[PDB]
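Undergrad: Experimental coordinates for this protein are included below, preceded by the sequence.
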Amino acid sequence: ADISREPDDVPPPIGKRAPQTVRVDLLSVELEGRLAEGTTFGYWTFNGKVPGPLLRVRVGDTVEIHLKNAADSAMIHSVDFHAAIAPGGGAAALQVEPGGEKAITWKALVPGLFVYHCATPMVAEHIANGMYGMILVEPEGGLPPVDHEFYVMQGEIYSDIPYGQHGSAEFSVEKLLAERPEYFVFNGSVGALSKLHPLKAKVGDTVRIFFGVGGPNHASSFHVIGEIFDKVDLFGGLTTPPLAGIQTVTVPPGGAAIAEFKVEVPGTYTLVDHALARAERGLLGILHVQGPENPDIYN
Amino acid sequence: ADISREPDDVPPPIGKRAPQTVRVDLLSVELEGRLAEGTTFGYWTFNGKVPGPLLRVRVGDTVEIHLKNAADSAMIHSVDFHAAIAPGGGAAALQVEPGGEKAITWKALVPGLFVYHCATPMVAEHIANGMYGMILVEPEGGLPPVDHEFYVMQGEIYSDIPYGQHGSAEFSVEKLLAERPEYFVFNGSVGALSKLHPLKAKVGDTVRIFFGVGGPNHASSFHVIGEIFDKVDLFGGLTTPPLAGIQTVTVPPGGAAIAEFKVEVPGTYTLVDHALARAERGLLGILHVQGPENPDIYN
Amino acid sequence: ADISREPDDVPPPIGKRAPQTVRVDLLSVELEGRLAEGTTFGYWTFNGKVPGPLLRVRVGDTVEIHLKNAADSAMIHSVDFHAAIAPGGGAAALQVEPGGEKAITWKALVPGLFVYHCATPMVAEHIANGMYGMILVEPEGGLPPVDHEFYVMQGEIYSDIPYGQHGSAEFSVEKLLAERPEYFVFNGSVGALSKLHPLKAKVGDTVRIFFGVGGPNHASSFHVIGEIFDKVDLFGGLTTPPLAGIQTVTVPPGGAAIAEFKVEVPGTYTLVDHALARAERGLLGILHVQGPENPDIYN
Ligand SMILES: [Cl-]
Ligand SMILES: [Cl-]
Ligand SMILES: [Cl-]
Ligand SMILES: [Cu+2]
Ligand SMILES: [Cu+2]
Ligand SMILES: [Cu+2]
Ligand SMILES: [Cu+2]
Ligand SMILES: [Cu+2]
Ligand SMILES: [Cu+2]
Ligand SMILES: [Er+3]
Ligand SMILES: [Er+3]
Ligand SMILES: [Er+3]
Ligand SMILES: [Er+3]
Ligand SMILES: [Er+3]
Ligand SMILES: [Er+3]
Ligand SMILES: [Er+3]
Ligand SMILES: [Er+3]
Ligand SMILES: [Er+3]
Ligand SMILES: [Er+3]
Ligand SMILES: [Er+3]
Ligand SMILES: [Er+3]
Ligand SMILES: [Tb+3]
Ligand SMILES: [Tb+3]
Ligand SMILES: [Tb+3]
Ligand SMILES: [Y+3]
Ligand SMILES: [Y+3]
Ligand SMILES: [Y+3]
Ligand SMILES: [Y+3]
Ligand SMILES: [Y+3]
Ligand SMILES: [Y+3]
Ligand SMILES: [Yb+3]
Ligand SMILES: [Yb+3]
Ligand SMILES: [Yb+3]
Ligand SMILES: [Yb+3]
Ligand SMILES: [Yb+3]
Ligand SMILES: [Yb+3]
Ligand SMILES: [Yb+3]
Ligand SMILES: [Yb+3]
Ligand SMILES: [Yb+3]
């Protein structure tokens, strides 16, 4: 029923541990999920949620990825890692028929936040139906610790029925090619980070949002309303020193961003793409901040 | 009649002065203005012009913002500062009914050029109707002086009547959600920086353009035709050292850019978004450069 | 017949030579070319191919540009250099009637990869019909050598007939203003870097792609499927140190990017804009990598 992935669904950080072999088990499932209130959609998912599970490795880690396809699936599924140096991002040999299972190993060489998605023809459809996720490759030593870590991805829903219409919705190839989505969604559904799973922090907390755009067509202008990003890893790269003091960051489709900020004032904060007509199409996130008032910063 | 804000309408720079309390008085006015020749539009404005007044403060400055709403206004108006660490950017407690007045104080902590806009439902409409501006927070010491400073913002007009049709134009909610504007405008109207207020500099002048995108939907690829930007503050951040020698800079909606360049050759220079079909929809700016010819640079 | 420019069509690199006068001869030709299989289009070209010839100079080089227009041409043609400090990028005095010839000289002052295009009204049409190219201004000393250098540009085709329809296609002004292209193309045509001229490298080679977007409307999210960019010159600037370890890079219309990467694993690699619905409209590139398998990186 609930396809929305929780933002707080984040693996524990890698410490100062040495490189190792890491096993990953991803299962591609097609299920009917809640897109909006009264509206259901035919989702293609990794592990039954949109986006797919956030993965967390170190540089030098050999990732042993297993991809199983559910028996009741109607489509061939794969996975393309942006962290991988492999033909098709390793999806060349991960074309899995419903029922079967394939496995490859790849080594992470570049630190940063990378997008993963299904790379089965047609790729734009598989992504749009919700088959996208992120893989974080932490550098040697790891990221400096913060109080809160969140996992947010932007996606497009190309439903045949118009926005506002209740009932069963299927993918529209016409809208896809026209690049005209009916719904813009954070983490799968409408109000996934609003009514369903609102982000929560306390006054004085440093928040790190692992943001990425599944797409598959439109770029995002990521902005937390009421906050300025202290540090931004542009395109989600953890090699070049980050940008400092940014209001809005351009995140391309298949791209990432590591946005860090300190919360100083209590209240409600809004996660939006600053193409704010999309906020009327479900692209709205809520960050509740509880604590004492800070009159020196805001009165 | 003339809603277009002049590019040369810039406050005098902050010197090396210490942090202080700065009062700001913004008045939200709805008035009929010239969108194009023969075409008028229902504008929602800050201080009667699009974009709103450019504000200029220092880091550590406590900004005392007063927002008055005109008695003849038909809408609730607010203001969201990207420079502010406050719920809704301070717009949570600046929802002003026509006739009333509210006031808050916030402290500027991050240097850079920040967008401000009305944040009253629906936000995309309020922005589109012309309620956007910029606030420059100068760092400790201030910006190095230049010969000319300009203030340019990009906006979209979602008129019900098609482009080319004369008469009274109103906002179209259908076009807004479709992200299909009839007009792309610099500083409010068509030919605002062309026929109305052309930019003017002399040979050898260093020019600084405080560029920002009101939007509310489309990003800009800022380019001055015939010039290369010497220094660009990406996303309008004045913390990280600027980029050097850039032709075209991606500016997202609700984002900024500080573009600096030296003018070496006399003639006409064109301010455009490099999505140059928009130049046929009013998104065109003129920079007249007068002086002697420089054959070593261009013959 | 074949309008597609080969990616391997790159001038030999500038060594450590001193600044000099460089002559450039560009001829604007209008010819019927293969857009897709069974589909032909009315192309406006520089030197008979899309994109135009890649030019290669040093900083301090005085570029003597000659622009000849073919006698059988039906349009006025010009050329706007982003590397030039000149009114209209030097296109102000390079408006050449079919049959005539004009010449100007300009000095390159800024290092980086710059876009060039025709700047004759209406500019968006001239670009869309294929009149765009790149000029690389190498810094003092030059770029570090790589094994392979490629030349790739993204363009839009606004055909009157829909995608899939065979026959003669002409430019549609309606689609242009609507920003709705039927075809997205790398280097002129559909399958230009796929079926026609596939990129080829060997295992262990460092590859440098001089990527740029002719446009004239849509931005690109450049991504090589199966590879991570080691170094990216953002907006194609060779002054500021490059970004490191990037998956997907936002390249604006009229903008550039110098993407470098090391190929470690044999197989097929895909050049795409990560707006992957465009990959169904011809925006697809192939990089064949031949050599021994590397099980440590990918198995
Ligand atoms: Cl899971
Ligand atoms: Cl004023
Ligand atoms: Cl040639
Ligand atoms: Cu799939
Ligand atoms: Cu991808
Ligand atoms: Cu308002
Ligand atoms: Cu905003
Ligand atoms: Cu031309
Ligand atoms: Cu240009
Ligand atoms: Er494990
Ligand atoms: Er479906
Ligand atoms: Er604590
Ligand atoms: Er106190
Ligand atoms: Er004051
Ligand atoms: Er109106
Ligand atoms: Er002087
Ligand atoms: Er002389
Ligand atoms: Er020569
Ligand atoms: Er034609
Ligand atoms: Er060798
Ligand atoms: Er071995
Ligand atoms: Tb704490
Ligand atoms: Tb002077
Ligand atoms: Tb070699
Ligand atoms: Y977990
Ligand atoms: Y603590
Ligand atoms: Y003033
Ligand atoms: Y002076
Ligand atoms: Y050659
Ligand atoms: Y060698
Ligand atoms: Yb993991
Ligand atoms: Yb099958
Ligand atoms: Yb609140
Ligand atoms: Yb001020
Ligand atoms: Yb009311
Ligand atoms: Yb001129
Ligand atoms: Yb050359
Ligand atoms: Yb003529
Ligand atoms: Yb292969």
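TA: Yep, that arrived. Residues are numbered from 1 along each chain as shown, chains lettered A, B, ... in the order given. Ligands and ions are numbered 1, 2, ... in the order given.

Undergrad: make it CA atoms for all contacts and neighbour counts henceforth
TA: OK.

Undergrad: and the residue nearest in space to the middle of chain A, what element?
TA: Residue closest to the average C-alpha location in chain A (Cα atoms, centre = their mean): residue A:153, at 2.8 Å. In this assignment (DSSP states H and E), residue A:153 forms part of strand A:148-157.

Undergrad: does that strand come close to ligand 25?
TA: No. Contact between strand A:148-157 and ligand 25, assessed by Cα under 5 Å from the ion, is absent, since the two come no nearer than 11.0 Å.

Undergrad: okay, that strand in CSV with CA atoms only?
TA: Taking C-alpha atoms only, strand A:148-157 is exported to CSV below (Å, rounded to 0.1, in the frame of the first residue of the first chain):
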residue,chain,number,x,y,z
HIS,A,148,20.5,13.9,11.3
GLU,A,149,20.9,12.2,7.9
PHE,A,150,18.0,12.1,5.4
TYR,A,151,17.4,10.3,2.0
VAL,A,152,15.3,12.2,-0.5
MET,A,153,14.9,11.6,-4.3
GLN,A,154,12.8,13.4,-6.9
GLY,A,155,10.7,11.5,-9.4
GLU,A,156,8.1,12.0,-12.2
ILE,A,157,4.8,10.1,-12.6
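
Undergrad: what about it, near ligand 11?
TA: No. Counting by Cα under 5 Å from the ion, ligand 11 is not contacted by strand A:148-157; separation bottoms out at 10.1 Å.

Undergrad: Next: stretch A:109-128.
TA: No. Stretch A:109-128 stays clear of ligand 11 (Cα under 5 Å from the ion), getting no nearer than 8.8 Å.

Undergrad: circling back to that earlier point, distance from the chain centre to the strand holding residue A:153, please.
TA: 4 Å (Cα atoms, centre = their mean, to the nearest Å).

Undergrad: what's that strand packed up against?
TA: Contact here means 3 or more Cα pairs under 8 Å, 6 or more residues apart in numbering or on different chains; DSSP states H and E; on that basis strand A:148-157 packs against helix A:123-128, strand A:183-186, strand A:206-215.

Undergrad: re earlier: contacting residues for the residue nearest to the centre of chain A?
TA: Contact analysis of residue A:153 by Cα atoms under 8 Å, 6 or more residues apart in numbering or on different chains lists A:51, A:133, A:186-187, A:211-214.

Undergrad: give me the residue from chain A nearest ligand 31.
TA: The minimum distance from chain A to ligand 31, using Cα to the ion, falls at residue A:55 (3.9 Å).

Undergrad: what two of the contacts of residue A:153 are the furthest from one another?
TA: A:133 and A:186 (12.2 Å; Cα to Cα).

Undergrad: Nearest to residue B:169, out of the contacts of residue A:153: which one, please.
TA: residue A:186 (34.4 Å).

Undergrad: Confirm that residue A:176 sits in a helix.
TA: Yes. With DSSP: H, G, I helix; E, B strand; the rest coil as the criterion, residue A:176 is located in a helix.

Undergrad: Now do the same contact list for it.
TA: Counting by Cα under 8 Å, 6+ apart, residue A:176 makes contact with A:124-125, A:158, C:277.

Undergrad: closest to ligand 37 among the residues you listed?
TA: Closest to ligand 37, out of all of the contacts of residue A:176 and judged by Cα to the ion, is residue C:277, at 35.1 Å.

Undergrad: gap between the residue of the stretch 151-299 of chain A found nearest ligand 18 and residue C:195?
TA: Closest residue of the stretch 151-299 of chain A to ligand 18, Cα to the ion: residue A:240 (37.8 Å). Between residue A:240 and residue C:195 the distance, using Cα to Cα, to the nearest Å, works out to 37 Å.

Undergrad: who's more crowded, these two?
TA: Between residue A:240 and residue C:195, residue A:240 has the larger neighbour count (other Cα atoms under 10 Å in any protein chain shown), namely 17 against 11.

Undergrad: wait, doesn't that one sit right on residue C:241?
TA: No. Look at residue A:240 against residue C:241 with Cα atoms under 8 Å: they stay out of range, at 9.6 Å.

Undergrad: can you tell me how far residue A:59 sits from ligand 25?
TA: Distance from residue A:59 to ligand 25, counting by Cα to the ion, to the nearest Å: 20 Å.

Undergrad: just residue A:11 next, same as before
TA: According to Cα to the ion, residue A:11 and ligand 25 sit 4 Å apart.

Undergrad: Quick one: neighbours of the closest residue to that residue other than its chain neighbours, just the number.
TA: Spatial nearest neighbour of residue A:11, excluding adjacent residues (Cα to Cα, 6 or more residues apart in numbering or on different chains): residue A:56 at 6.5 Å. For residue A:56, the neighbour count with other Cα under 10 Å is 17.
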